[PDB]
Structure formats: C-alpha cells, structure tokens
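Take a look at the structure set out below.
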Amino acid sequence: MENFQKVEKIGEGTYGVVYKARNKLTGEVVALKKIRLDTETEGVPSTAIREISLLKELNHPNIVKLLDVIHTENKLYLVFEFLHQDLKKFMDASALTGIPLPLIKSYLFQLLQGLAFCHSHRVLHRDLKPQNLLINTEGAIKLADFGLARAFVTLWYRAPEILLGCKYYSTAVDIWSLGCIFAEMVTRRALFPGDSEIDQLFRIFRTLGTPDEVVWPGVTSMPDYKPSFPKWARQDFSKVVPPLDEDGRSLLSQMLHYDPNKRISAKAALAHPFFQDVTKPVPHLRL
Ligand SMILES: C[C@H](C(=O)Nc1ncc(SCc2ncc(C(C)(C)C)o2)s1)c1ccccc1
C-alpha cells in the first residue's frame, strides 16, 4: 500500500510478515500485516473478507485495535495499532527477578476481560501465546491476532481437546492457553513445552494425570484418543507452580480443567477471590 512506509520487520508470524509502518497521510505509526503472497493464489476469499470486516467492530481496550483492512491489488493488508513490546520479550527481560506478582495479576485480569468480551461475541482467539500479547508503558496488555484463525508451530499452549482431535472446540481453549501463560509468568518456565503433538499431550498427562471418563466424560470417544495412552497419576499444584499462593493455584486449577465444560469461563474467572486486591501497576520497560 503506497499510503504507508515500511520502517522495520516486526517479525514473520503465522499470517505472513508484520511491519512497523508510518501512515504517510495521518503520520501515525502502525503495524502492517501482509496476509499471504507466495501461498495466496487467487484474489482473497469472499468469506475471509466478511469475517475480517466483523473483527474491525470487535473493539475493546484489551484487544489490539484493527484500524483498517486494505483489500487492494487482490492482496490483503491488515493495519493494526502499534505496541512496542510483547509479553515473551518482557518475560525474557524479567527472568532474573521474575514479574512482580501484582503485575502478573493485573495482566491476567486484563486478558480475562479481553477474553470475556471476545467470548460474549462468540469470537475465539485459538492461538494464544506470549508472542501474541502486547504491552505498553501504561500497564496495559492486549490480545493480538484475535479471530484471525476462523477467517483463514508452537504447541505449548494448545488445549487437550484440540490435541485429541475435537473439531468443534469452544471458547474454553483460550482459557486453557491463558492458564499456561499464567503458570509461565509465575515460574519463569513454560508449563508444557512439547515439541510434537504427542509429546505435548504426554507432558500435560504427566503433570495433570492421564484423563479418563471420571474427570472428563466423553474423553475416550475423542477422535485421537488411544486406549494405549500410558496412565500417569496427577501431581499437586503446589509442586507445579511454587510459590503461587492458594487463591492463584485454585484459579489456575480451574483454568486447567480437562473437561472444556468444567473449565472456568473468562467471566467467572474475573470474580475469583485471587482478583480481590487487583491493581494496575506500571512495568519497567526498556525500549
Ligand atoms: C513486540 C512488538 C510488536 O510486534 N508490535 C506490534 N504491534 C501491533 C502488531 S499487529 C498484531 C500482530 N500481528 C502479528 C503479530 C505477531 C507476529 C508479532 C505475533 O502481532 S505487532 C515489536 C516487535 C519488533 C519490533 C518492534 C515492535
């Protein structure tokens, strides 16, 4: 798009290449996403245009704002509000001291408000990860790449129902991913760092126990469930996320329920006692 000047490659994500750009008209600095070029053959599917157009209306302070959608030269460009840092870089920068618990809590609470909004509109993220969570100097955290999955790789934050081949998975998949991110902020280590789908599944089973019909009715009927799966016993949360307090552990336990129907919703998670003393601290950001 001739109305923009590329400043730097922000990165090469899942939906193409992302650039920091300046809008030659308004002077605004934005994030520009080129949705497929070497893979894109035709002139963008009609149903993809309509789903992206619906996303431009999904406006919330905890969602990276989609400013514009440019369908020109039969290619697709998404213009997003720009944020200077992501949670992965912030966690890497904070690994020696750890993110202070009040900021972890503020980030978790805001992302749960973001998810509550999306979920009320029947919109799922489906691929939540530290790299997709954008932060600013004012203490805000925002969901980026929201709803792009139905419009058109790291397995660490994948819900078990996805790994077991459930085709019609729900909003509970985002709650699972956010619980994994919560555990990671607390411990300064990924909860389930799998490098294959089976390794991902087996790491979940080693910590939370191999699921069965007792904890998850219908699990043995899942597409990729195998009766030959090894049977591991569950481990206590006190071993999984020390030194997280009991309110935090209780909330995490509910975000990591096997059964998607028992997993806490974003709305109910916001009422959890863990957020009784939530505040909005400001991070130490070196840009
Ligand atoms: C972390 C930050 C950054 O990515 N800022 C940004 N602001 C707004 C943005 S569009 C949302 C989005 N689409 C795709 C993404 C990635 C690939 C980064 C996950 O994110 S992406 C940054 C990275 C590298 C250099 C400067 C800024």
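Hydrogens, waters and symmetry mates play no part in the numbers below; they use all other heavy atoms, side chains included. If you read the sequence from its start, that first residue is 1, and numbering goes on from there. Counting starts at 1 for both ligands and their atoms, in listed order.
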Please list the nearest protein heavy atom to [atom] with its residue and the distance rounded to 0.1 Å.
| atom | result |
| --- | --- |
| atom 24 (C) of ligand 1 | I10 O, 3.4 Å |
| atom 20 (O) of ligand 1 | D145 OD1, 3.8 Å |
| atom 17 (C) of ligand 1 | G13 CA, 3.7 Å |
| atom 25 (C) of ligand 1 | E8 OE1, 3.8 Å |
| atom 9 (C) of ligand 1 | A31 CB, 3.3 Å |

d(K20 NZ, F82 CZ) to nearest 0.5 Å is 4.0 Å

Mind checking the CG-CG spacing from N132 to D145? Nearest 0.5 Å is all I need.
4.5 Å

Heavy atom to atom 3 (C) of ligand 1, shortest distance: which of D86, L67, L83 holds it?
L83

Heavy atoms only: which of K88, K9, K129, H84 is nearest to atom 27 (C) of ligand 1?
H84

Does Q85 come within less than 4.0 Å of ligand 1, judged by its heavy atoms?
yes

Mind checking whether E81 has a heavy atom under 4.0 Å from ligand 1?
yes

Heavy-atom pairs closer than 4.0 Å: do any link ligand 1 to the side chain of [X], the backbone, both, or neither?
| X | value |
| --- | --- |
| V18 | side chain |
| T14 | neither |
| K89 | side chain |
| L78 | neither |
| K33 | side chain |

Give the ring-plane orientation class for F229 versus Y225, where under 30° counts as parallel, over 60° as perpendicular and anything between as tilted.
perpendicular

Answer whether the closest heavy-atom distance between the side chains of [X] and [Y] falls below 4.5 Å.
| X | Y | answer |
| --- | --- | --- |
| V79 | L32 | yes |
| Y258 | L164 | no |
| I141 | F90 | no |
| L163 | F202 | no |
| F237 | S250 | no |

Would you mind running through ligand 1 and noting each atom that sits below 4.0 Å from a heavy atom of [X]?
| X | result |
| --- | --- |
| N132 | 19 (C) |
| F80 | 10 (S) |
| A144 | 11 (C) |
| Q131 | 19 (C) |

Taking all atoms of both residues into account, what is the closest heavy-atom pair of [X] and [Y], and its distance?
| X | Y | value |
| --- | --- | --- |
| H119 | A266 | ND1-CB, 4.3 Å |
| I99 | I104 | O-CD1, 3.3 Å |
| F182 | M255 | CD2-SD, 4.4 Å |

Flag atom 15 (C) of ligand 1 as yes if some protein heavy-atom distance to it falls below 4.0 Å, otherwise no.
yes

When you check the gap from the basic side-chain N to the acidic O, do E51 and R150 get nearer than 4.0 Å?
yes

